[PDB]
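4 protein chains.
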Amino acid sequence: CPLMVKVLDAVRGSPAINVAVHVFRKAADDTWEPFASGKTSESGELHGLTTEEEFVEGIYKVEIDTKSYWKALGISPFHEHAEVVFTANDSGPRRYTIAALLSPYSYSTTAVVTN
Amino acid sequence: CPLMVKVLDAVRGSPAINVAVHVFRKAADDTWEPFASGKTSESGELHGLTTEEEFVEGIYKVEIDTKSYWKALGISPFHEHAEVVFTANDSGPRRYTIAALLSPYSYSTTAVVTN
Amino acid sequence: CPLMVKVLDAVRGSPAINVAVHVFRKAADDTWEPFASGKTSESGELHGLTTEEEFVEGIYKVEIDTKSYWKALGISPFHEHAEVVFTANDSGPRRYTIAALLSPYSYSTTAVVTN
Amino acid sequence: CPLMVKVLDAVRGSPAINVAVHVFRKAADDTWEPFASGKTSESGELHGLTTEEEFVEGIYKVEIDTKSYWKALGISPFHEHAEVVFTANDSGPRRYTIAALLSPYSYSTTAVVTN
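Protein chains in written order, with PDB author numbering: chain A, 10 to 124; chain B, 10 to 124; chain B', 10 to 124; chain A', 10 to 124. A prime marks a further copy of an entry chain.
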């Protein structure tokens, strides 16, 4: 599992469940090609997006659909979504955990990269 | 100015100076059209991006060039840039400050919306 | 002022107003002696805590009363308060801004130290 | 495992290993009684601090020794330590994960509480 996404809710102090996540890869023509998608589970984690074979070097965009998450809780948040853009595997294959901590008008995102 | 950007450096405990910022507006065809740009000052702030007249309701994207910032400091960063995407609304407060706190492998962004 | 405190509300996207702040200095016997206190203004800032003369080198604790802040808003919080503990040094920059970003179950704090 | 501590390094994008953690409980006499201690492992996690039986209702303080961590990496950071203070188990037993994200001049801390 080379790419995992974990999302927490800073208002409730709980995992953020059922959060939609769309991943894109920058193509040779400079456009964003859809790469993988899924939704977080009860643990706030999204596993199985891709495989080591498919996850080649490139620039990736992880789009976390925070607006839909907050709206379902009765909240009108600031951001449309949280976007996380990074080059992956340029020094060989690595495992990436993309974490996000959500509040209605703020979010943080962190990458944990292991070899 | 209705839209301001403020950036801090979490490693040095200082304003993040000379950080390039590009603002885009979502067009009818869903593409991003350049709207405004600038570099943060010695105070880490970017003022004068737009005007009350030009800043109409719509979806905007604020792109913070964090990769170049860390590169200039000789520190290996994770993200290509920090992206802040939001809808501007005439209802609530009229002043938007997009704040960002930067670390090499993590960043936080907050919208401070006031009158 | 050599020491300023600035607090933001991550839920409302606004300055955190009327937040009580207590500053302590570490005494010879290792106990915390009250040093200065105040409430954040409508801008979320607390100025005038101390003076250049009084703010000598030493270890200080800045206590931010986050529990009462959330309580007043009818929102259940996790922490009793946010504590910021640091050593004041004559060497580096002389102005200390203790920034804090508050959510009910999470907070971030950053020291912006400048001239 | 009712109380776990997890620490990440925002500069390296990795778990923060060998970080000392001291936990205290507020006594009936208003003083901080030492409750448990340990150090984070290779995963940046600290397990086995206490048991459900020992972890009764009370106000707890989790002190994370961030200064020593940064110093070992050649960095002189701002904070002496990160303190996390909270009431636990006032509505019956819960499981608490205390997370911290470290940068030299900034840190965030989040609580994930489950039943």
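Note that beta-carbon positions come from the ideal geometry of N, C-alpha and C, so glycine has one too.
- At a Cβ-Cβ threshold of 8 Å, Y114 (chain B) and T123 (chain A) do not count as neighbours.
- Contacts with chain B' (Cβ-Cβ distance below 7 Å) from the stretch 66-90 of chain A involve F87, listed in chain order.
- Under the 10 Å beta carbon count, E51 (chain B) is surrounded by fewer than 16 other beta carbons and is classified as exposed.
- By the Cβ-count criterion, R34 (chain A') is buried, with 16 or more other Cβ atoms from all chains shown falling within 10 Å of its own Cβ.
- Under the Cβ distance rule, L111 (chain A) does not count among the residues neighbouring chain A', no pair being separated by less than 8 Å.
- In this chain, the beta strand (DSSP E) harbouring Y69 (chain B') covers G67 to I73.
- Residue range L12 to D18 is occupied by the beta strand (DSSP E) that includes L12 (chain A').
- Between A109 (chain A') and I73 (chain A'), the gap from beta carbon to beta carbon is short of 8 Å.
- Per the Cβ contact rule, the stretch 67-81 of chain B' is in contact with the stretch 19-34 of chain B' (3 or more Cβ pairs under 8 Å).
- In the DSSP assignment, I107 (chain A) falls within the beta strand (DSSP E) that extends over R104 to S112.
- The residue among B:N27, B:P11, B:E42 and B:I68 with its C-alpha nearest the C-alpha of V93 (chain B) is B:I68.
- Taking each of A:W79, A:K80, A:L58 and A:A81 in turn and checking the Cα distance to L12 (chain A), the smallest one comes out for A:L58.
- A81 (chain B) carries a helical assignment under DSSP once its states are collapsed to helix, strand and coil.
- Straight-line measurement puts the Cα of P86 (chain B') at about 6 Å from the Cα of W79 (chain B').
- Here the alpha carbon of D18 (chain A) sits roughly 5 Å from the alpha carbon of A25 (chain A).
- Under the 8 Å criterion on CB atoms, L17 (chain B') is classed as interfacial with respect to chain B.
- Counting the other CB atoms within 10 Å of its CB gives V65 (chain B) a total below 16, which places it among the exposed residues.
- Between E89 (chain B) and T96 (chain A), the C-beta gap is smaller than 8 Å, which places the two residues in contact.
- Boundaries cannot be given for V28 (chain A), as no beta strand (DSSP E) includes it and DSSP labels it neither H nor E.
- Per DSSP, the unbroken beta strand (DSSP E) holding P43 (chain B) starts and ends at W41 to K48.
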